[PDB]
Every structure is written in C-alpha cells, then in structure tokens.
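Asker: Dumping the structure here so I can ask a few things about it.
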Amino acid sequence: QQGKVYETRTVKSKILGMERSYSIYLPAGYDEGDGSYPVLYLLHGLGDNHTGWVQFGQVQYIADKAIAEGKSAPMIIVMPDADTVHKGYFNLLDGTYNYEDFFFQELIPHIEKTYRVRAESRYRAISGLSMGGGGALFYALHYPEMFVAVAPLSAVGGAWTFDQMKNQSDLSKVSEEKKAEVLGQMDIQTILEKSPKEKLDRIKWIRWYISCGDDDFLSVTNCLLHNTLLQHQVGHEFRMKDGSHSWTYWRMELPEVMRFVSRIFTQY
Amino acid sequence: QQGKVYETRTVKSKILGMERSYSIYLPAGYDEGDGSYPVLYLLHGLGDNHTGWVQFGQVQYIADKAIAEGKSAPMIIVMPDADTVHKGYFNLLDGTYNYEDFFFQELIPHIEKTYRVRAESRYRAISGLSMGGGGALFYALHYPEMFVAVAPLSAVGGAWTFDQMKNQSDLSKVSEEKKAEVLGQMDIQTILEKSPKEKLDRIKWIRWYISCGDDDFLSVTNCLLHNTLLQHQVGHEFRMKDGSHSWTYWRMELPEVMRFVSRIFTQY
Amino acid sequence: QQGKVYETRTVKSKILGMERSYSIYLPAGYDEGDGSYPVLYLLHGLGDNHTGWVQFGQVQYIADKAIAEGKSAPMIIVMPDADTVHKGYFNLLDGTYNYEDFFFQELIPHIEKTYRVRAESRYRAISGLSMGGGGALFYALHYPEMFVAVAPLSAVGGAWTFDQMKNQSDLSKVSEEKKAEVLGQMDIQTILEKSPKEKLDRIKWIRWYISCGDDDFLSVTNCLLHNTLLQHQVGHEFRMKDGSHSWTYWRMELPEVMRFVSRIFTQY
Amino acid sequence: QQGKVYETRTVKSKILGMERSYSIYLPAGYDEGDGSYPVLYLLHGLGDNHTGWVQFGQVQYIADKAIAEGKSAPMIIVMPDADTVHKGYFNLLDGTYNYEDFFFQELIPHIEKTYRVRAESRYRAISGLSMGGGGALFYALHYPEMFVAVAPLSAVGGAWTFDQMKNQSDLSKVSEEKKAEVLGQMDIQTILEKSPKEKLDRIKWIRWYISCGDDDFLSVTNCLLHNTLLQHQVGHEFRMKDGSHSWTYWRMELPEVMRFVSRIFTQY
Amino acid sequence: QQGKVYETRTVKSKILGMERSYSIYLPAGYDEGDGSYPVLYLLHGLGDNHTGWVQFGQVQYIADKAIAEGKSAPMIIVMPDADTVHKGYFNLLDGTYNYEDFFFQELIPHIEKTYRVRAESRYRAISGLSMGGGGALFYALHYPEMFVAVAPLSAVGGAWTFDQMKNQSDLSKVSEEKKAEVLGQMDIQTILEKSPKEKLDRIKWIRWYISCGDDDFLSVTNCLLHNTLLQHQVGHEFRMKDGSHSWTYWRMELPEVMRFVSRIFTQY
Amino acid sequence: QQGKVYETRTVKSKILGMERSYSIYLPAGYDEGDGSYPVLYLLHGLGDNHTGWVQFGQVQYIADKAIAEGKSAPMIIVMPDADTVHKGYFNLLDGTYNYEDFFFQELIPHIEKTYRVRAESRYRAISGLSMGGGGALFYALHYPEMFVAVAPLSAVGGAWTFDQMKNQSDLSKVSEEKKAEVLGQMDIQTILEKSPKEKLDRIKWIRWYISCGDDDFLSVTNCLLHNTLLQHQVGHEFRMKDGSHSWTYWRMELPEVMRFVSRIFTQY
Amino acid sequence: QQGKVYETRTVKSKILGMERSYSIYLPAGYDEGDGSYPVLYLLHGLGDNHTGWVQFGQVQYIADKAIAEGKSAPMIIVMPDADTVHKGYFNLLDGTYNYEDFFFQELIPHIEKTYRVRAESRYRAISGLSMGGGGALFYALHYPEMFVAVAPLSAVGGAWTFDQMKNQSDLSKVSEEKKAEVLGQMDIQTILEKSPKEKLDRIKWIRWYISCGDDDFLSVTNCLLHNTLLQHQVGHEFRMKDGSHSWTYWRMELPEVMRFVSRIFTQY
Ligand SMILES: [Ca+2]
Ligand SMILES: [Ca+2]
Ligand SMILES: [Ca+2]
Ligand SMILES: [Ca+2]
Ligand SMILES: [Ca+2]
Ligand SMILES: [Ca+2]
Ligand SMILES: [Ca+2]
C-alpha cells in the first residue's frame, strides 16, 4: 500500500567537494523480494530543494495512489538538490561548480549502486518543473543516450537557463569564446540543427511529454518549443491544459508523467 | 430527456437567391412552456454540410446528455449549410456569393424569428471545426459585437481560408486592389493591429476557447494563434489535447464547448 | 420529472397602467390532478428582469431536481418583473409608480386566481438576491402578515434601497416630510422599535433565512443585519458562506431556500 | 428510450413476382424530428425468416440498449425474409428465383423510399449469421460499391452456399457451362484473383468484421477465410471467441457489430 | 494482499555447466501456514530473459490482483531464463547446450525441492509468448505426461523454432540425418501422426489454451495450428482477439491464463 | 418500461356455456410496432381466481422488472379463472364441466386470435402454483405437443387432483369403469409407462422446471415426482429451495420461471 | 484480513498406531487476543485426503471472504485425512482399523487441546461431500450428542458406505452376523426406528442442512433421505439446487454451510 521517502541522505561528491542532498521515494514492497526497479529523476524549480517534490509535490501520496491503482508500475523516484551553494542544473561558466557533471557522473551511479535499480537507459526517465523542466529538457538533449523518456513540465527555456548560469558565474574568468560555446549548447534550435546524426537520431527516439498550462507565463515558450520540435521532426506528446505556474498544475501532472514513463518502462 | 433535430428546413435567402439549408437542435422541453433559449452556431468543415454535426458530430446524443446531466444549460444549436453551391463561410471575391452577409443579415434574424431565441449577443456563441473553426474565428474578428463566446476547434488559418475563397471565385473579374483588401481582412495580425479600438476592445471582451489536438497537422497554426493573441493582449482559453484532425477529437470537444458557452450564458 | 416555465404572461395592472411581466415555474404534475400548491416569490437584482432567475438562476433545472429528489416539496415559483419602466420594488416618492402596491394588490391576487395556489400566508414565501434581497426583506417587514418564510440572499440594505427610490423619483413633487416618513419605513431599526406589538410579534414569528458570501461587498451589511435582528430578539437562520456577489452563489442557495421554505410549508 | 419493430410489412417484388416480407427496427425518436439514418442489413440463417433476428436475436432490446448507452449511434436495422419459397440469398441457377437481384434492385430502393434513410454506401452496412453470414460476405464481394462495412458472423463458405443454390434449383434447365460460371462467382479465391483493380480496391476499402466461435463447426472455414484475406492483403478485423453455433454467440456479437458499423457511419 | 518476486536466485545446472537464473512469484500468504501450491511455468520471448515477465509482464501486480479478486486461486509462477549463453528452449543439435534437458531434469526438480510445491502433473501448467509460446507448445508435445494445462500465447511455429536451433548450432558438427530427426520432432503434424496412442491420448487430455491477436504477424500460423489440432481431434480453447505482437496483448492474456489453469488446478 | 394488465375481459365458452374470465399481462411496447409475442399461461391455486397472480403474484411489477432488466425477453402472460362455478383445471367426471377441453379448444385459440401471439408450441409455456402446478403438470402430460416449457411450482399430485375432481362431480351418473379410466389419466406413473412412443418422446423433449419449498407440505410429493421422472428418463430441472407454501415463494419463483421459458423462446 | 491453513500437522493415534494427517483453517485474528472459537469439521470425498478441501475446496479464500464480509462469524475448520492406509470414515469390519473411534476419541480431543477451541457440542458442527457427506450423516446419527449442526453435501447413503467398508475389510475373518449388525448401524431407517427416545430427541434437536445438485447421480438418494427424515419427524433444511457431483457445487455450498452453522453457534 505505502511506499516511503528518505529526505536526509547524501551523496559524497568529489566533483562538488561536498555532501549533496537528495530525496528518494521507494515503492511499496521495495523491502520484500529482491528485484530491481526503473527510476524517474524528478527536478525541482527555482527556490526549492530536494524537499520540494516531497512537501509541495506530495510525491509519496501521489505515487502510492498511482501505483496501487495500477495507473503506474512501481518505480523509484529520485529528487536531487539543485539549490544548495548554487541554484541550477548546469556547469557554471567559471568552472567552479560542475553540477551537470555531478548529476551524470556521481548522482546516477550512486543511486544505481545504493538501491535496487535497473541500471539501463531503457529504465531511466527524467522530469521536472520550471527551472527543473529546462533541466530535464537540456539534460536529455545533451545526453540523449541516458534516458528513454523525458517530461518537462512548465519548462523554462534555454535563454533563461543560460542567463541564470551567467549570473551565478564569475564572468571575469570566462572567455568570450566560452560564453558563445555554452550559449549554443543551451539553445534548442542550435542543438537540433547542429548535433551529429547519431545524437539527433537518439533525440528522436526518446519519448517526450511536454506539458504547460495556458495561463502560465511560459505558455508561449512551450508553444514555440512544440513548433520547433515538429519543424525538426522530433515527435512528442504536447499538452496545453488549463492552469498556471502553480503546484496545483504540477501535482495534477505528476501521475500523468508516472503513467507516461511507466508505459515506456513496461512496454505496450 | 431528449431534444430533437430538424435537418430539412430552409431559409429563403435574398442575398444568395435561394433556399438555404440548416440543421437545428432544440433542447428537451422546448415544446413545453413558452420561454426562449440562447444559441450556439456550430459550423462544419470542408466537404460536409449541415448534416455533418448531426451524423458525425452526434449533436443530438451529446447535447441531450450534457443538458440532462447539468453539464450544460439548455440551448438551441444551429448548424448552417456552407457547402452547397460553394464551400466556405465568406463573401466570394467576384461579388456573386456573399455568404458572410447571408449568415449575419438573413440566417441569424431568421432563426430569431422562427424559434424561441433570446436575440441578444450575450446569448449568442459560435464554434466550428477545421474550415468551420476558421469560419468561427474570422466571423467573430469581423463582427465581435455579435458574439459573447467563440470556440474555434482545430481551426484553419486565414491564408488557407483566403486561398480557398480564391479557388471558388471568378478571378477574371477580380481586380488586384480587391485581392489585397480582402487578404488583409482575412489576416489576424492585420485585424488586430488596424481595427478601431471599439472593435479591438470587443474582441478582448469575447470569451474565446481555442482547442486543437497535438497530432493535428494544424497544431502549429493554432500554437501560433495562441502566441499572437497573447502578443496582442487577447486573453483566451487555449487547449492542446491528445488527438488528431478527427471526429473523435470534435465529439470530445463538443460537450466542453457546450459547458464553456453555457457558463457564459448563465453567468457565474 | 420536469416542471415548466412560462415567461411571456402578464398581469393587467391598473396601478401601473400597463401589462406587467412575470415568469412562473409550475412543478411536475401540475397538469394532472386538481390540487393546489404553496408559492415562493423569487425576486431578481438590479439590471435583470423576470427572465433573470430563469436564464441565470436556472430555476427550472434546479427546482425540478430539488423536488424530484425530495429535497423540496412541490411548489410554484413566481418571478416578477421589477425592471421595466423603473428598477426596484417599492413605491416611488413622486406617486407615479406604486410598485409595492402593485405586487400586493395585483400580482399576488392575479397568481392566486390564475393558478392552483393555496392562497394563505402559511403557504406563501418570498426570497430574492441583491436588490431583490432587500425587496424580500422590506416586503416582509412592511407586510409580515403576508408571509410565513423570508430568504434574503446577498441583500442590499434599506439606505441603498431608499437612495434608489429617490433617484428615480421627481423630487420636485416630494415634500421633505414625505422623505422623512418613507426613510423611516425603509430603516430596519426604526421598523423594529416603533412597530406595535402585534406587528413585531408577526415579524418574530416569520421564519427568516439570511445568506451572504464572505467575499461579497455586502458582507458587512448582512453581518450588521444579523447583529441587529439578534439585538431585537428576532430569531433567524444566518449563513455566511464562501462566495461573492455572483450567480454561482445564488444558484447554490436556491435549493437551500427551497428546502427551507418547503419544510415550513409541510410542517415538521 | 425504446425503438420499435415492424414485422408484417412487405415490398412488392416484380423480380420475384410476389409480396416479400421484411422486419425493420426503427430507433428511439425516429418519430421526433425529420432526420435520416444509416442502415444495417441483418441476415438470418437457414430455417429462420425475417422474424429470426427479432425473436431469437432480440434485436429490439439489444439495439435499444446499445443506442441508449451511446455504444452505438442511432441506426435503422432491416431484416429480410430469405426463407419463403426458396431458402437462401442468391439467384437460383434455373433463372426462376433471382433473390440477389431482388435484394439490390427492389429491397434496398424500397427501404430508402419508405423510411428516412441516408441512401449512400457510406451509410450502408450488412451483417448476418451462418447462411446469412455467407450472404453478407458474397453480397459485398459481388457488389462492394454498395457497402461501407460488412460483418459475417459464424459464416458459411462459398462451397456450402453454391451447393445449396444447386439443391434449390431445377438443374434440368441448367447448362454445365453456367454451373462453372456461378461456381467461380461463389468462390472467394476466384473473386479476389480475377476481379479488376477497381473492384479489388473497393473490397480492400470495405471495413470487414469477421467473427466465429471456437467451438463452431465453421471455425475452420472462418480461420481459412482469415488466412485467405491476409494472403490477398484484404485488411479486416477477425475474432475467434469462446462459443458455438448458437444464438448466445449471435446475441453477444450483435452489439459488437452495431458498435463496429456505428463508428464507421459517424467516422472517428 | 501482496505476493513477492525473487529475480536473483539460481539453480546450479550440471547439464549446462553453470548457474542458471530464474524469477519466481510467490503468492500472498506463502510465508504464513505450511501448505503447498500448484505451479505455472511462464516463458519469455526472444531477446528477454527471466526479468521480462517481471518488468514488462508486471507479473506481480497482475497475479496479486487476480488472486486477491478470486479470479485465480493462489499459485507459484516460475519464469526461467532462456536467454543467457544461447536464446531458446530446446537442445542444440551440436550437443553443446541441452536446455530442454535442463528444464525437465534440473529446473523442475529444483523448484519442487526448494519451494512448497504440489509436485504432480495435475498441478503443473506451462505458458509463454512468441518464442516462449512455441517453447510451451513443444515442451508439452514432447512430454505431455508432465502438464495438465498448456497456454501458448502468440506462439511461433515449429519451423521458426527449428530454424533458430540450427542458427545457434555449429552445423559443421551436425549430420544430415540428425537434422532430419530433430525437424520431425519440431513439426506439429509429425508428432500427432507419429506418436503412439498412449502419447496421443495424453496430448488430447491436456487442457490447451491458444491465443493470438488478429493483427499479429503470427495470426496465420496460429489459425493453421487451430485447424491442425482439430484435424487431429485435439480439443482446445482457441482465441483470436484484437491485438498485435505486443505486451498489451500478453498482459491482457496473463490473468486469463491464470484463471484457465487455476480452474484446472482446483477442479470445477 | 411499463406493461399493463387487463383483468375484466372474458372468452365466450360454448364448452362451458358461459363467459369465462382471464387476466392478461401485455409487455411494455405491446402498443408500438406490429410484432407478436410468446405466451406463458400462469395458473392459480385453490381459492383464488384470475386476479390471484395479479394481486398476490404482483405479476405486473415482477414481469415489468424482469423484462426491463433483460432477465426475460418480452412475453404475454395469460392467467385463467379456474375458480368460478367449479374449482380446478380438469373435465369433471359427470361430463357437465369440461374445463380442460375449454382451456385447449377455446381459451388458447381465443388468446391467439385476440392478441398478437406467436401461435406455435415453441412459443407456448405453462406454469402454476399448488392446484395450478398440478394443472400445468398434467396439461403438459396430456397434451405435450402444445408446450415447449412447463414450470410446476409447489405442485399438487395426481391423487389430490383426482380427489378434487370426484368431490365436485355428481358420482351417481359415473360408472366405475369411468372412474378407473380417469384415475389412470391422472396418475403420472401410468401416463409415463403407458403413453405411446410419440407422446412420451414429446414429454422428454419438453423443458421442465419443477420447484417446491423444503417446508411445503407438498415437498415429499415433489421429491417423489423428481425421482419418478428420472426413473422414466425424463430430464428436467428440479429445485427444492428454502420456503413454504406461500406467496413469498411463488413471487420469488415467477422471475425464475420467466427467465427459464424466455431462454427457450429465444433459444441460446 | 486472511486466516491461514496448516496442512502438514498430525495427530498421534494410538488407535490407528500411526501419525494421522489433518488440515486446519484458523480465522483472521486467531493470533490476536486469547479467545476461543467454534469448530466445523469438514470431510473430503473418496480419492482425496486432507488437502482436498484446501486445494479444490479453496477453503482459505472462501472462509476468509465469508468471515470478512460478516456472512459467517469466525470459526476454525478442521479437515481430517480419511484416505491414508484405508479410505473411509468408519471402523472396518475386521477390527484392524477403527477410524470412527480415532475421529471421536483422538482427533477431536487433539484439536481441542492444541487450538483455542470452544470444546462443547453447541460449538461443534460437521459437514462433508460425497463419501464425507455420508461420514457427516452417520457420525451424527451414531453420536448425536457430539454435534449441534450437520451438513451432508451430495451425500452417499448407508448401503454405499457399508459396501465401501466391506471392500476394505479382510472378509475371511468376518462372520456373517457381525456383517448384519453393522449393516443396521449403517441404515438410516433402522437407526431412526430402533433408537431410544433420548437418542431420537437429540437427532431431532440437531440442526441438519442437506444439499445436493439436481443433476447429481445421488439426487435420488438425497430426495429419499429428505422423505425418510420427514417420515420420522426429523425437521431439517433441504436444498436441491442446480448442479452436479462437482467442486463447483461444493465450493458454492461451503459459504452457505458456514453461514448456517455460524448462526447456530452465535444464536439468533
Ligand atoms: Ca486558462
Ligand atoms: Ca499525441
Ligand atoms: Ca472567501
Ligand atoms: Ca471453446
Ligand atoms: Ca485488429
Ligand atoms: Ca426450510
Ligand atoms: Ca440441472
């Protein structure tokens, strides 16, 4: 019936030189039997940390119910802290805070070693809201081989994300050639047009679920994303539902994201 | 519990020089008491006529159910024939077929004369699919004083509508200046930028519900419409749901349109 | 299961020198058998007429449902037109428009002659919203012998009502002595303190149901009314519920009003 | 809501030189409004007549329920008598009984003249059981332009049908060259291989629903039919469900046939 | 009430010279009381292993629900790994990998020794999908004394299975006479024609449940199988349902298989 | 959803020299369409007449519900008066009151002429309670060609029935040979042993449903009947349920009788 | 809430000189609190042992459900093994196997000492099927002081049981007279005619529930038993329901037996 949440566990990060927090939801029956589970990485927005999806997202109640009713197969849900020290998901421009490196090289392997996780891309999905929606989006565009399904909710765009990366970096140490390089790596149109074919094929292979409310200040950004993806022949699910930039919207979408990635995990 | 549909009645049109067909749904209990009802005009797509919303849209079953369940207040639904002689909702460029004039100067007054109708704009809404979605959209942008609520479904755009008008007109008799004027009258950007303030204010006052499936070949057109409307401060409901350019989508949306306009008719 | 509404019938009023509109709801099965029914008079607000409770209040659907479910006993509901010529329920100060006289001396006797009505005060109730809530309130304070139950919803007070009467009157024909007399007749404090015992006893005998939303601009007025009635030992039901000055509130309260007066009509 | 059945009406047949019986189901509300309906022709098996689908098939109860529940859109159901004089659906070899000619040249036009029928192939379907399943199958292969959807239930094959045509004919008048001609016209393999592309395209365009119980003595025949159709690239729905050659099976399949053809009539 | 799954246990195989994986479902309450259970052996398709029916088949959720609802009696479900080293269920022709020997001589005795199993054929069933459907089919035809119930889902035929056996064998070491011997043992018609009466009676005694979707590329194979079994007087349940070669089909069929074999386990 | 009952109609009997009463239930929708219905003859017990199954049996409510719910197909139910003048179903020994002759030669033809009845034995059933259970039983044993289904409820035996016939006859005119002849005609053992093969075969073909409460004083009689029928290879349904000789029992069994005969009427 | 079953426990029998098997169902919540429970002894048929009611009867699921739903009060269910060494419930005629002595002198006291059992006859019931129905019947006729309620299901008679005893006894050592004496002890008529008043009163005091399917080859035996009991004024519940000599019948009757004996255990 009931899964459980741990909020206080940390990962020893060599890349960030500190203990990094995360929250984790383990499904009901994790403690019986010996099997392993697929994983959904679930990213918070600006101003929250790893407790955001727990306290505001109510992940425990919502995941318990979805799994118990059969709307979702059992899965582990990992909620990283991208708030402490610096807020955001990507490597800072001054080289002092390689958060994206930490996520892929330390957090994911730590989860797969510490919990009974099916450690394959076909069993790995990522979702997030606002800042975390852009995090999910560009994580998958940068490393499409690492995910089978991606669900950006009310996602911020690349220009906002890049602007936030600059405002947290010491730009005295950043060359102008470097600013231009990342700028392109944080631009959807550039990634889709200039990536090698192998990378583009994998991006098309990913199952995308993009959802944003019609009253959200990001509704135009996400409509432009829909159009850009179709222009580049990246099939995806797109939803514009009634709602705003609010936790009412994100709690409504969480069981939909769970059903979406679960069907991909189990096949159909 | 059951309304009824008349498919075979006609209006004598002086503007078009002929009897013109329409279908009409009368709600349950229209035949008892003496009261009047608000009206939803419901427009078909290319290749269908006034029987399209009856046979494919299943308006009778769907409207009966929504009203009986209290999801919609009772209303009359009028489905014009915009297929016979020429296909489309607008005045042809050669002056020989003024369908939009017919709709406003003859069809609406005929309905209000023949049936127990609340003959005010606050009780008049319009909706349609595909070609009829473009019909509903531009009818309201042309005559916003005539409608309180507008629901374009999977709507075609102005350029397609204008091109389809051209292929039905005698262009040997059409001046080059005439093409340029009507092109602007069928372009949303031009209407929103060049209309007098009284018309723009009324366009902003109208309650808009714009819905299109994410797999529709028109999904990009309707995302651009959402963006243009917000760019001009025209608030509206926007929905992009799962679905394609199909009667599954349009039958799904019909009770949503009925709930939407009913709430405006009854106030809330 | 379904009652019916007539909107187009009139009373020939000698007092107002014209045919006066009303709407009337007749319960299901009024047309079978020969029996008679109690009556709820249901008053509209400023700017609406006798169609307001029909189109916005959805009286037919709401009354049909309440009676069919047994939440209310069958009753006739009469909705007068207090909008045409002058807006409001009371005699104008210049003597040219004695609407209150019309209501009691012409409308009520016309209803009781024309329909199968139990024509006794124990079977007569009155309710209304906003301007009509003040109408119901002061109709009952003026003629407490005529009603068994009174339900002012989101009601305006006496000072607002009197100001309205003045702005529609030719005050060149009004003495200041008359202004003083009518203002006192439109002040609840004055009525309760200067009424004879027989009249005050009848006011206390009436069953009052006073309801107003907490977000309504009239919430303070109605809280003050609650305190004044208790201060004068006039027992009553008082409700302050979530809601505003809206048809959502008044449609929510209509079946509560029907249940309230029905229990009084049937005894319990 | 209840439709109704007429069992005693006839069509004057010049081709057969007699009054010919049929039963017809008219949907609920056929008597209200003026609209027209699509038609399902529903054929009986050997030994029954036009009353078989009424009394054993319980068409009235089953169709009423399917339509009232929204599982099927409203439709007219016509059940011909192919039992009186000679049993079977096809022209006898001695030229004395051209039943197939009667069905297409007299029965269908009579129905479309007498009832409010949408008289187009897109609104015409045919289904039947046992002998009538072979009837539906070969009517559609002979005249594929006449049907949009075909549903043979527990259908006999061509060899059985042709053998019965032989046993009902006076072969003293039949040449051997004619027997070979009809034999090919009643063989699915010959029709699919020898039809011109225009006819074959229409056969492939038809929506087929072929269903047979796994305990039916005809299960092998219908499995071979499935294999033959796929080998000629005729897409179709095939169902082999638990059950035998019984009215339990056919009453179970009737609402499935209704939903199947209804979806085609309304589009989706 | 939740059962549990162990995925990581193994049986030490002398025949295969290695530890061999399997997954096992134990029903709710296996850990209370001391009783024993019947067993369903459940085989995966090509490219999956013992985790396929766990992760994609969702065996734990589906079995929990079927048993808790009383659709199935409690049973143990064993999912062998027929993927590691070599893919497939049968003894390779070069003598290097006797998987079928392993299954009957080592896996089944290990299960009956290790778990509380009713170790009799009346309590032993086998089912599988695709490659595993052919495995279940020919396992029972080779050793019909070992099973009371057999359920091939979307099963490959003997020619496909034998061809896969050749492609995994070192054919440089295989005699042409041996190639002929195995081929006859992997062809359904030969077994039914060449088995002694004792063996054929047991094949007829087994309760067979054969199910395949009508859109599966194996639908023709399975229709031919249905016809072959009836030609040999082997009664069986045959289902051709809507569906494709997909996990939607196999998850739909799993509770049906459980109910089918459970009724045989419990008698009725 | 509503059938109706006529209690006051009569059939003019030449055989009995009087107008004879019956009650008849006509199913819902009898008055729409033109079709015909099967018939259940339903016989009362001692001391009641043709109103017994109406007032005590509540035939209208019970039949309406069974038919509306689909537990029974629509049917006509005929309830004869076998109480007026003499009580009982059989020809009196003195030749003065040939009630059985009346039932078969006058009542059945009158019903088939007067109502829209399918006038064949396959559409004719008979049931009854107590005295009428013996009536149904021996009517069918005497004339098995007239019924397809027979349902004796709490039935009296032949010895009781014969004794009642004697006590109502003037035995002064009856020979001892005549008493012996009728005794044998009213003895189930004699009927089953001595009826010709054709009669006995038809008795075995009839579908029998025999039901009696375990607390009924007739429970022994009906257990002996079950045993006698099996001894003579007359297959039948037998029910001994909790209950007594009461209208609670017969109202419980009426919808079971309707479902039993309905399945026979419609086939399955 | 689930009870549990032990299948592997044994009673140390000095009478039979060996460990004797039984199964036992303990109700949900047996492990909470310290109270005691009534007991139903539940006997298997010929060829099964103490696992029959567990595996085929599904006693755990059925008892769990009946108790959880409040259809039965909690009770312990004991299922003896009457199959090992010799099949049957009674003392063999050669004196070498006194199974009835074992049941009463060893099994019942063992159950009452080992489990929390209300060890009084008012809390002791017995039921069984086929051979075990005859076991329950004659156990109670032999020792009526030991049971408050007895439920023979599809019961064999005394002549069959006695014949079963002879075919297992060493007839070379068995005298003709002892053969006659036990024959009378296994004949219902003899027991009922020759028992003293004290014993007959207790047999009449027992609450009997006798049930058998109408298609069972033992239906005649049980109808004769019903008649014999009534002939001797032994009131009892008798049921003849649709069904055969099958586990469908016995699983259907098990919760009815539980409800029946539970009401007697709890009083009403
Ligand atoms: Ca919105
Ligand atoms: Ca989509
Ligand atoms: Ca509030
Ligand atoms: Ca079958
Ligand atoms: Ca299909
Ligand atoms: Ca009883
Ligand atoms: Ca039976």
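To be explicit about the labels: the chains of the structure tokens are called A, B, and onward in the order shown, and within each one the residues are counted from 1, while ligands get numbers from 1 in the order they are shown.
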Tell me the residues of chain F close to chain G, meaning within 8 Å using only C-alpha atoms, as a list in words.
Answerer: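 That gives the following set of residues: residues 214, 220, 223, 224, 226, 227, 237, 238, 239, 240, 241 and 242 of chain F.
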Asker: I need the residues of region 24-100 of chain C that end up classed as alpha helix (DSSP H) by DSSP on the backbone, written out as an MDAnalysis selection string.
Answerer: chainID C and resid 52:55 59:68 99:100
Asker: In Å, with one decimal, what is the gap from CA of residue 28 (chain G) to CA of residue 65 (chain G)?
Answerer: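 Separation of CA of residue 28 (chain G) and CA of residue 65 (chain G): 10.2 Å.
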Asker: Hey, what's within 7 Å of region 45-49 of chain C if we count only C-alpha atoms and toss same-chain stuff fewer than 3 positions away? As a PyMOL selection string, please?
Answerer: chain C and resi 52+81-83+87+129-132
Asker: Identify, on the basis of only C-alpha atoms, every residue whose closest approach to residue 110 (chain D) does not exceed 10 Å; exclude the query and any residue fewer than 3 positions from it along the same chain; express the result as a PyMOL selection string.
Answerer: chain D and resi 10-13+103-107+113-115
Asker: Can those selected residues be exported to a file as an mmCIF file, in the first residue's frame so that it contains N, CA and C atoms?
Answerer:
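Writing done, so here's out.cif:
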data_model
loop_
_atom_site.group_PDB
_atom_site.id
_atom_site.type_symbol
_atom_site.label_atom_id
_atom_site.label_comp_id
_atom_site.auth_asym_id
_atom_site.auth_seq_id
_atom_site.Cartn_x
_atom_site.Cartn_y
_atom_site.Cartn_z
ATOM 1 N N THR D 10 -44.406 -5.531 -46.163
ATOM 2 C CA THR D 10 -43.874 -6.221 -47.329
ATOM 3 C C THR D 10 -43.448 -5.216 -48.387
ATOM 4 N N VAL D 11 -42.684 -5.723 -49.360
ATOM 5 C CA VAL D 11 -42.230 -4.944 -50.550
ATOM 6 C C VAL D 11 -42.720 -5.710 -51.786
ATOM 7 N N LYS D 12 -43.446 -5.042 -52.687
ATOM 8 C CA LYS D 12 -43.969 -5.704 -53.882
ATOM 9 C C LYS D 12 -42.811 -5.956 -54.839
ATOM 10 N N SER D 13 -42.494 -7.224 -55.079
ATOM 11 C CA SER D 13 -41.346 -7.596 -55.900
ATOM 12 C C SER D 13 -41.818 -8.060 -57.272
ATOM 13 N N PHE D 103 -32.874 -8.227 -53.855
ATOM 14 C CA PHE D 103 -32.318 -7.515 -52.712
ATOM 15 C C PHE D 103 -31.747 -6.162 -53.122
ATOM 16 N N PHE D 104 -30.967 -6.132 -54.202
ATOM 17 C CA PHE D 104 -30.289 -4.898 -54.584
ATOM 18 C C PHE D 104 -31.185 -3.978 -55.412
ATOM 19 N N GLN D 105 -32.023 -4.535 -56.281
ATOM 20 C CA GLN D 105 -32.806 -3.697 -57.179
ATOM 21 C C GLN D 105 -34.178 -3.334 -56.629
ATOM 22 N N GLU D 106 -34.683 -4.060 -55.626
ATOM 23 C CA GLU D 106 -36.023 -3.793 -55.114
ATOM 24 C C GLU D 106 -36.039 -3.559 -53.607
ATOM 25 N N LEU D 107 -35.381 -4.419 -52.825
ATOM 26 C CA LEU D 107 -35.457 -4.265 -51.375
ATOM 27 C C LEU D 107 -34.795 -2.969 -50.921
ATOM 28 N N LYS D 113 -36.933 4.527 -50.016
ATOM 29 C CA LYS D 113 -38.100 5.338 -50.339
ATOM 30 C C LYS D 113 -39.065 5.415 -49.163
ATOM 31 N N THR D 114 -39.215 4.321 -48.426
ATOM 32 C CA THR D 114 -40.265 4.210 -47.423
ATOM 33 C C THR D 114 -39.865 4.796 -46.077
ATOM 34 N N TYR D 115 -38.581 4.782 -45.743
ATOM 35 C CA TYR D 115 -38.107 5.215 -44.439
ATOM 36 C C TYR D 115 -37.104 6.344 -44.625
#
Asker: Considering only C-alpha atoms, state which residue in the set A:252, A:151, A:180, A:257 is at the smallest distance from residue 209 (chain A).
Answerer: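 For residue 209 (chain A), the nearest of the given residues is A:151.
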Asker: So that I can see what lies close to residue 149 (chain F), please list as a list in words the residues with an atom at most 7 Å from it, counting only C-alpha atoms and leaving out residues fewer than 6 positions away in the same chain.
Answerer: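 Near neighbours after the sequence-gap exclusion: residues 125, 126, 206, 207, 208 and 261 of chain F.
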Asker: Write the residues of the preceding selection, restricted to N, CA and C atoms, as an mmCIF file, in the first residue's frame.
Answerer:
data_model
loop_
_atom_site.group_PDB
_atom_site.id
_atom_site.type_symbol
_atom_site.label_atom_id
_atom_site.label_comp_id
_atom_site.auth_asym_id
_atom_site.auth_seq_id
_atom_site.Cartn_x
_atom_site.Cartn_y
_atom_site.Cartn_z
ATOM 1 N N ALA F 125 -45.665 -21.689 -23.211
ATOM 2 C CA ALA F 125 -45.253 -22.318 -21.966
ATOM 3 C C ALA F 125 -46.405 -22.236 -20.975
ATOM 4 N N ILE F 126 -46.314 -23.040 -19.920
ATOM 5 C CA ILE F 126 -47.358 -23.073 -18.902
ATOM 6 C C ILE F 126 -46.721 -23.308 -17.537
ATOM 7 N N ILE F 206 -39.918 -31.720 -23.935
ATOM 8 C CA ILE F 206 -40.326 -30.558 -23.152
ATOM 9 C C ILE F 206 -39.254 -30.192 -22.138
ATOM 10 N N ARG F 207 -39.055 -28.881 -21.936
ATOM 11 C CA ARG F 207 -38.164 -28.378 -20.892
ATOM 12 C C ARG F 207 -38.975 -28.160 -19.615
ATOM 13 N N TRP F 208 -38.691 -28.954 -18.595
ATOM 14 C CA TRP F 208 -39.403 -28.910 -17.325
ATOM 15 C C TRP F 208 -38.590 -28.155 -16.276
ATOM 16 N N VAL F 261 -38.332 -19.865 -19.248
ATOM 17 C CA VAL F 261 -39.068 -20.059 -20.502
ATOM 18 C C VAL F 261 -38.576 -19.076 -21.563
#
Asker: For the strand (DSSP E or B) assignment from backbone DSSP, which residues of region 21-240 of chain A qualify? Please present them as a ChimeraX atom specification.
Answerer: /A:21-26,37,39-43,76-80,91,98,117,124-129,149-153,207-213,237-240
Asker: What's the separation between CA of residue 55 (chain D) and CA of residue 21 (chain D), in Å to one decimal place?
Answerer: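 Value for the CA of residue 55 (chain D)-CA of residue 21 (chain D) distance: 15.4 Å.
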Asker: Which neighbours of residue 66 (chain B) fall inside 12 Å, counting only C-alpha atoms, when residues of the same chain fewer than 4 positions from it are skipped, and could you give them as number ranges by chain?
Answerer: B: 1-3, 27-28, 59-62, 70-75, 252-260, 262
Asker: Within 7 Å of region 203-205 of chain F, counting only C-alpha atoms, which residues show up once you throw out same-chain ones fewer than 2 positions away? Write them as a list in words, please.
Answerer: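 Using only C-alpha atoms, the neighbours found are residues 141, 144, 199, 200, 201, 207, 234 and 235 of chain F.
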Asker: Report, in Å to a single decimal, how far apart CA of residue 100 (chain D) and CA of residue 143 (chain D) are.
Answerer: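 Taking CA of residue 143 (chain D) and CA of residue 100 (chain D), their separation equals 10.4 Å.
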